[PDB]
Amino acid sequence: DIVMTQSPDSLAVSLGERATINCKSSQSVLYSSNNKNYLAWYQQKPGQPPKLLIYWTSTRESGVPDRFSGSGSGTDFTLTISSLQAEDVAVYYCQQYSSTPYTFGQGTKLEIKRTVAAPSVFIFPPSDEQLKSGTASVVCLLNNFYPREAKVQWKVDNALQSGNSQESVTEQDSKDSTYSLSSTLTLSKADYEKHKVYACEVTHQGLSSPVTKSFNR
């Protein structure tokens, strides 16, 4: 199997700038004496099937805008987006069709590099309706921030919480190109009513110091 390796794994390029993605081939991707490399590039938007952009490392599929460019030879190949636009946010794969075992790349995530935006942090106590069921969920919301990297830590009475928190992140927004994160702290009602303070601590690049949203039961 011809192992295909891409670099970088994730790329952040500002609007209207140039995006470059590399693809390294373990072997040759030549099929015969055509001297044409049997390598293709695919674009997959979130929730979308893959779409073929460039094939033979240089020829673009019909309808592909001119801002997409492909180059390379031998074992090194590169996909170039000359002027990144809001519609170019997707995951890009390189795939060879030289040998019968078809191999795709690891995938490169492309996001729009916007300005640093501090998250808006909100906390929600569990509802009385849910409290009747015997389990209490505390939700901490991080709204409209960039970059995606953010640390969320739950402290209950200034005691760190482990193993009872799950995070979920939205995709990059079409308009503001920001991110939203929701951390859910799930607990039994017995343990929920054994403490008073439920704090959500958030660390981000856009924060001079970590913020803490808390409430008293």
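All residue numbers are counted from 1 along the displayed sequence.
- Per the PDB record, of the two stretches 147-155 and 30-38, 30-38 carries the greater mean B-factor over its C-alpha atoms.
- Comparing the C-alpha B-factors of 58, 44, 161, 182 in the entry, the top value falls on 58.
- Set against one another, the Cα B-factors of 106, 115, 96, 85 in the record reach their highest point at 85.
- Among the modelled residues of its chain, residue 137 has a C-alpha B-factor that falls in the lowest third, as given in the PDB entry.
- Residue 205 sits in the middle third of its chain by CA B factor, as recorded in the PDB entry.
- Residue 20: CA B factor lies in the highest third for its chain, per the PDB record.
- Residue 100: CA B factor lies in the middle third for its chain, per the PDB record.
- In this PDB entry, residue 48 carries a Cα temperature factor that places it within the highest third of its chain's modelled residues.
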